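Visitor: Quick one: structure below, then a few questions.
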Amino acid sequence: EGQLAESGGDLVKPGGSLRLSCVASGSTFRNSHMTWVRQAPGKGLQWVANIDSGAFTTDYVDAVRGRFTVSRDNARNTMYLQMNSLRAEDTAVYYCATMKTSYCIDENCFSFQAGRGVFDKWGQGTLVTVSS
Amino acid sequence: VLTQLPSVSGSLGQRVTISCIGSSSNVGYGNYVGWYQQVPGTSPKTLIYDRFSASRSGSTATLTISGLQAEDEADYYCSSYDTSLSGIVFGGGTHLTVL
Amino acid sequence: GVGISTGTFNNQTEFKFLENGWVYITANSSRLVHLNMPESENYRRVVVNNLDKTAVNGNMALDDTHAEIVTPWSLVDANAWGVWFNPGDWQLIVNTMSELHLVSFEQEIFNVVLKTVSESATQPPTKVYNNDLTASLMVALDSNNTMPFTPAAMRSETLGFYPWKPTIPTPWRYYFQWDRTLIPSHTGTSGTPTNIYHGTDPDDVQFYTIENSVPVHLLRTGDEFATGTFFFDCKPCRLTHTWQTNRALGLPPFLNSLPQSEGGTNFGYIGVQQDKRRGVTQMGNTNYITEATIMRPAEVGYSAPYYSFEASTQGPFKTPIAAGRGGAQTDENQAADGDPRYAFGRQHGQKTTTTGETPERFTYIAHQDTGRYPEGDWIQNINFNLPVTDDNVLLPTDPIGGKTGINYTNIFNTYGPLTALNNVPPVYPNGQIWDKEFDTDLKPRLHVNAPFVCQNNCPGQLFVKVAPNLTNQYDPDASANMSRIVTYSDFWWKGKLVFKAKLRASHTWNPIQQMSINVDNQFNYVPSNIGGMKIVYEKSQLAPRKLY
Amino acid sequence: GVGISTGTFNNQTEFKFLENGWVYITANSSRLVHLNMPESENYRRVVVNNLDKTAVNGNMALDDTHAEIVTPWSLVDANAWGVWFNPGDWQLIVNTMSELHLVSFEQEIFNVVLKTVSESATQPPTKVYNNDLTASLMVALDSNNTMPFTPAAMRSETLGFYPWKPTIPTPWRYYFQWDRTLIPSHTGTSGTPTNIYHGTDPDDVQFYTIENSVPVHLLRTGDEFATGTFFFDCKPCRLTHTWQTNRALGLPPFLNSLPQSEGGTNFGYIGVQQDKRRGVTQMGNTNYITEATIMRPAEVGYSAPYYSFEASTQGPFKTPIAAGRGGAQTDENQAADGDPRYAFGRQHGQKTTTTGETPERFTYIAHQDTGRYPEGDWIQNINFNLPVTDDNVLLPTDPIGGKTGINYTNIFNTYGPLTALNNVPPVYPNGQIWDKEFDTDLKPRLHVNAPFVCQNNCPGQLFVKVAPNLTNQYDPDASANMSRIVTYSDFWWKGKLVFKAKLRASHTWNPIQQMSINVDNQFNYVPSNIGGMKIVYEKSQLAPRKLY
Amino acid sequence: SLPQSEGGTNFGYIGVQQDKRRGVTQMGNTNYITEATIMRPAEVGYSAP
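Protein chains in written order, with my numbering: chain P, 583 to 714; chain V, -18 to 80; chain L, 287 to 834; chain B, 287 to 834; chain D, 1482 to 1530.
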């Protein structure tokens, strides 16, 4: 089965800008809610952002509000995270993941309902650091 | 941020429970709950979307692991969706030590 | 046999002139239909879910969730105007005819070719197309209408409109029942509304198969097929539009002061003060007689909720409306609910040399002024004190339910025993010709998609399928997909559709509107230097007829 | 001709209603049959001898030893319900029909396609397929029933039950005569029980060849074969079941004390002491008249030695029983001797997408109550002194021959002149439709495999083969196997089976059991998302009828 | 895009992005064609107060 692949993570000067990429393989990317999560070394998993299948809405955490910008391109079958105004706190490993939009009720899944809060698949990840 | 236990430990082959004790309008409310496994340097793996089991259990969810082995001696994370923030939130994570 | 043809190509349109101003219109269509073998011989029950799109709050209008049986058969659908008439024939029909009767329809398949693709294992790949003189094409005609009716015009999947371009059929599928609930929300709505796919109700399950319900003919390269002639019973259509609204019905008021000089601003005056006038009104407590209050025989058109979505067993659906918007002719940007919008591809009108997935779209602004202008509507109190005070009038500028962007017109309905309205006008080329009447106990007065609705029955859908061409290694106890030789078919489909029309008479002094090729639209009706062709849309009810 | 189809595909089931509630059912079945060339053109004589499995003491019931003739011909057999009816038609039949008659049968083979496979010398394996137009297919209808009767339903080898899936014919073989002794034993029996295959008795040898007994038709790609209608003379079949055992035949005793309040806690009382009662009994030395001792007109059902194996020249075989068990209707796990168990593959009802050699199996628990409940039987001394003492009563808890697991019922036969029983109920889809009566001087009263049995004869078997397609090096003086061009055939088999049925009537106040789709079984009757199909077993004799 | 394995979570997909789709709608000011906006022959049932 197809998997995601992150790229663009690296040490960069504080206060600069960068752009992380997440290539998607498989036909489900156009149909999937995409999310970015970040994990500081030995710290707890931290949600970064989510964007729906049709780019209708975008959500972020306050820690990245007005600083990060999530976008997607179905023609390129890829997601991007523009990390402008980099700050020391951005040093972490960033993953792109799929949010499960449908959860089946019966164990054999003869009935489905919408939901949020579970990530179905995870990418490889890329390391970002903020220092001179 | 949801409250999650610091760590738990148990011998091989036993049964353990890792609890997520978030509040209402959060994991402790009608929203779904998710659990992930990760060893430092590896992407989290979604356990419950076979020996594992899970239960939201009202205001505090729980993951019942069983068949502890050398593998699975890893960290486990709890996630959900919070309405007061209208966004995905995570627990602090919990480590498992397999004796 | 093998070298003897089984039919003749024919795409001519004939106008046989009868007595008493009637014309027998014979539209012959002929196409080269190309059909690949199906993806899998097994019927599938597929649940399409777009719960990702709908989960976004406020996006409920974009629901596509459903369940459908997908079949190995392909549908040959010719129920579209563009399949039968070129722009010139339509010009003649609309400019000269006043009414159009659907008479008969027959179709046939001939010159069946079945071919097999053999791909070599040579390091540079190569493939050769051999013939198969024994393979068969399965043709099923559902003359008893035992199968769900699926008009392809609604998806722009009918045969092509160009006689010289080969066309393809559409894979056949039909809805399988399902239970689905979607509670609406809006942007900023907290939490996740109830959005659920409930499965299937056993009492409604229906799994149709062509093999069990229809006789299937096997056509080898020397065989032919003909459905025979079916005869319609649909009501006659009118190629004339009505302009008289309620304000233009009856005897106008006598003018006591006629104008004395030419000029746009030199108006005439009725003279008698509005409360001293004569006539009849449905206002039993008001002395005013005005063009807005005077009694009229009945109501032309009706008002209905616009962009109203109603939910049921299967989920939400837009409430249809039988008339267009008001004033859209003056400003196309105001074209809205009620004006059908057709999207189509390179087979059905779009420039054949266009690149990209974007389709060609147009909104049909019907000529007939049966629509309404909700911004000019209003309600006022029974007491009828004029000028009306704020508290005694509800306006389109008034919020309903606390919403600033929704007013009473959005939920207003005036369909009543006095309502009168017209049938949907034909849409060329992509409009549907005929449609099947519902099997309900009480049947709808009109269909929003076809000008001809089928009282008893009308021609059974025609299905084609490449018969399986097995390899020696076949083992039916294997769970894997059947091993089939790559096979495809090319066959000529010919149809004859017979209408009857009346030739229009000039009732008035002035000339009437007509369709004409002009410098602005000249190149839409001729090919480009690289052979590109397009079929732009044309209006069908140019001539006006008096309503009353 | 090569390019002309010789037949049409049909799988419709037609109900034509006649006078006085009689309804004429015509089941059309059509299949694309795929046939490979035989492994060898020679009639083999082969003996299977599973001495290794039976050598383990106590495994005698697992015997498979037999001598058989293996032929190059394949048998096209359609003697199963699934081949002719889909679940919905079966629902209609069983729900609305009371009795069923077998009327006629016919079949034809058309649209013969013959192809040959050539494997290239190219290093990466590849192969191509060519239409051998001059090839031939050998058909043979045993119109006189000269060949041994070998129904395929017993081996789950009939044509497929799905019209839209190609099917194969079973390779034909028939039993040859052999002698075999198998002395039974148990785990712990010393030494080796006599276990020997004695060969063949010359006086019983019978070697049948199609080429000598049947006229063979050579069908090329443009030829067709048709058997012609055949007519059955079988007995009628009942789609109803009998609930009355011996305890429910005749006039119930009059109750002198009826209850006064509802509920199961309140019963009735006969009110006359058992020894002071009036009636007729067959117990000439007792005065008690009880529901267990009163005279009933006859005996419904019969006790037979269950799991009894009898040995003859050919070795052990289970004794067949004409009735099911009792108590299995409430607890399926008790389903036991007398209830047929069907094991089948993906052609005949098992899920078409399951992977594995394990067949799908089911035990058919019949609705009729003609069976027995051995744990409730007992014998007692002629004196009949009550309560019976240990020495005067034989119970199922008592052993025979010192065996703690065998009781008297295991060796008990109560078939007699008063025995009344019913015919086996049809089993859908895997049940055999008709069978041939034994050619014995005294014929059996019923057959356990098909509801219809053939008094004189019934339709001849159809054998298909691919005629040898010789190379240029063929040498009949060579001992090695014949060298042939790899060839195969795909031909369409069509069949028409005519039943005659009677519509049922409402005899009682209450409704009766009817087949119906529900949420529990809803998905058994529809395809899966990848095309997974199945046909689950459905009972036949739903309605009750009063036995007396 | 048809499903490739059994089970509920294996749905099918229409493939074409919604605003690039083809069909007839009674909504003359939007390019979106969905099962909720596509034109249907008529209305089954009705809402009443």
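Beta carbons are placed, not taken as given, at the ideal position from N, Cα and C, and that holds for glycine.
Which stretch, first to last residue, makes up the beta strand (DSSP E) that contains L:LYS780?
Guide: 773 to 789 is the span of the beta strand (DSSP E), which, as asked, contains L:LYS780.
Visitor: Quick one: measure Cβ to Cβ for L:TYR460 and L:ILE355, integer angstroms, because I've assumed they're closer than 8 Å.
Guide: With 8 Å as the limit, L:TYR460 and L:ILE355 qualify as a contact, their Cβ atoms being about 6 Å apart.
Visitor: Mind checking if B:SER814 is an interface residue toward chain D, Cβ cutoff 9 Å exclusive?
Guide: For B:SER814, the answer is yes, since a Cβ of chain D falls inside 9 Å of its Cβ.
Visitor: If we cut at 9 Å on Cβ distances, does P:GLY697 have a partner in chain D?
Guide: Answer no: the Cβ-Cβ gap between P:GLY697 and chain D never drops below 9 Å.
Visitor: Round the Cβ separation of L:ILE379 and L:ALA764 to the nearest angstrom and send it over; I've been treating them as touching at under 8 Å.
Guide: No, L:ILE379 and L:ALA764 are not in contact; Cβ-Cβ is about 57 Å, not under 8 Å.
Visitor: Using the Cα positions of V:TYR17 and V:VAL70, report the straight-line distance between them to the nearest angstrom.
Guide: Cα to Cα, the separation comes out at about 13 Å.
Visitor: Determine the burial state of L:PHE603: buried for a count of at least 16 other Cβ atoms within 10 Å of its Cβ, exposed for fewer.
Guide: Its Cβ being crowded by 16 or more others within 10 Å, L:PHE603 is buried.
Visitor: For L:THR456, does the three-state DSSP call read helix, strand or coil?
Guide: The answer is strand: DSSP assigns L:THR456 an E or B state.
Visitor: Determine, using beta carbons only, whether L:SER315 comes closer than 9 Å to chain V.
Guide: Not closer than 9 Å to any Cβ of chain V, the Cβ of L:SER315 fails to qualify, so no.
Visitor: Just to confirm the assignment: which complete beta strand (DSSP E) runs, minimum length 3, are found wholly within the stretch 717 to 752 of chain B?
Guide: Taking only runs of at least 3 residues, the beta strand (DSSP E) segments lying wholly in the stretch 717 to 752 of chain B are 720 to 722, 738 to 740, 748 to 752.
Visitor: What residues from the stretch 634 to 646 of chain L come within 7 Å of chain D, judged by C-beta to C-beta, listed N to C?
Guide: Cβ contacts with chain D: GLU643, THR644, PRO645.
Visitor: Is it right to say L:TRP720 is buried, meaning 16 or more other beta carbons lie within 10 angstroms of its own, or is it exposed?
Guide: Classification for L:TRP720: buried.
Visitor: Any idea what DSSP makes of B:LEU544, helix, strand or coil?
Guide: Here B:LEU544 sits in coil by DSSP.
Visitor: Tell me the start and end of each unbroken beta strand (DSSP E) in the stretch 288 to 340 of chain B that is at least 3 residues and wholly inside, in chain order.
Guide: DSSP runs (the beta strand (DSSP E)) wholly in the stretch 288 to 340 of chain B: 299 to 303, 308 to 322, 330 to 334.
Visitor: Touch check for the stretch 695 to 708 of chain L and the stretch 583 to 590 of chain L: three-plus C-beta pairs under 8 Å?
Guide: Short answer: they touch.
Visitor: P:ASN632 CB to nearest chain V CB: under 9 Å?
Guide: Closer than 9 Å: yes.
Visitor: When DSSP labels each residue in this structure, what does V:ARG32 get in the three-state scheme?
Guide: Coil at V:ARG32, not helix or strand.
Visitor: Would L:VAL713 be called buried (16 or more neighbouring beta carbons within 10 Å of its own) or exposed?
Guide: L:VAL713 should be labelled buried.
Visitor: Could you tell me if B:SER547 is buried or exposed, where buried requires 16 or more neighbouring beta carbons within 10 angstroms of its beta carbon?
Guide: So B:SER547 counts as exposed.
Visitor: Can you name, in chain order, every residue of its own chain whose Cβ lies under 8 Å from the Cβ of L:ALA629, other than the five neighbours on each side?
Guide: So the list reads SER442, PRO645, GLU646, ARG647, once near-sequence residues are dropped.
Visitor: Determine the closest residue to B:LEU707 out of B:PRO324, B:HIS387, B:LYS751, B:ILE607, with distance taken between C-alpha atoms.
Guide: Ranking the options by Cα distance to B:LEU707, first place goes to B:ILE607.
Visitor: Tell me the DSSP secondary structure of L:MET581 in three-state form.
Guide: Residue state, collapsed to three classes: coil.
Visitor: Please return the same chain residues whose Cβ sits closer than 7 Å to the Cβ of L:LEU304, not counting the five positions on each side in sequence.
Guide: If we look at L:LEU304 and ignore the five residues flanking it on each side, its Cβ neighbours are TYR310.
Visitor: So, using beta-carbon positions, are V:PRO25 and P:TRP618 closer together than 9 Å?
Guide: No.
Visitor: Can you give me the C-alpha to C-alpha distance between L:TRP664 and L:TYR694, rounded to a whole angstrom?
Guide: C-alpha separation (whole angstroms): 9 Å.
Visitor: In whole angstroms, give me the CA-to-CA distance for L:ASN417 and L:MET819.
Guide: Distance between the alpha carbons of L:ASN417 and L:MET819 is about 32 Å.
Visitor: Any beta carbon of chain E sitting closer than 9 Å to that of D:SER1528?
Guide: In summary, chain E is missing from the structure at hand, where the protein chains are P, V, L, B and D.
Visitor: Distance check for P:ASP634 and P:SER684, CA to CA, integer angstroms please.
Guide: Between P:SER684 and P:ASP634, the C-alpha separation is close to 13 Å.
Visitor: Looking at the C-beta of D:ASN1510, does it have a partner C-beta in chain B at a distance below 9 Å?
Guide: Answer no: the Cβ-Cβ gap between D:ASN1510 and chain B never drops below 9 Å.
Visitor: Per the DSSP calculation, B:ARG466 is bridged to which residue(s)?
Guide: The partner list for B:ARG466 (beta bridge, DSSP) reads B:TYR483.
Visitor: Any idea which residues DSSP pairs L:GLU405 with across the strands?
Guide: Its beta-bridge partners are L:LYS413.
Visitor: Please name the residue in L:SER769, L:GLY781, L:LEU783 whose C-alpha comes closest to that of L:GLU327.
Guide: Nearest of L:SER769, L:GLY781, L:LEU783 to L:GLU327, Cα basis: L:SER769.
Visitor: Output, in chain order, the set of chain L residues within a Cβ distance shorter than 9 Å of D:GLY1493.
Guide: Simply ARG330, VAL332, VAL333, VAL334, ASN335, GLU354, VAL356.
Visitor: Taking the C-alpha atoms as reference points, what is the distance between B:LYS782 and B:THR794?
Guide: Their Cα atoms are separated by approximately 36 Å.
Visitor: Is the separation between the beta-carbon of B:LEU348 and that of B:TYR774 shorter than 9 Å?
Guide: In this structure, B:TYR774 does not lie closer than 9 Å to B:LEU348 by Cβ.
Visitor: Thinking just about the alpha-carbon of each residue, which of L:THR292, L:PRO754, L:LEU544 is nearest to the one in L:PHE553?
Guide: Measuring from the Cα of L:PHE553, the nearest candidate turns out to be L:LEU544.
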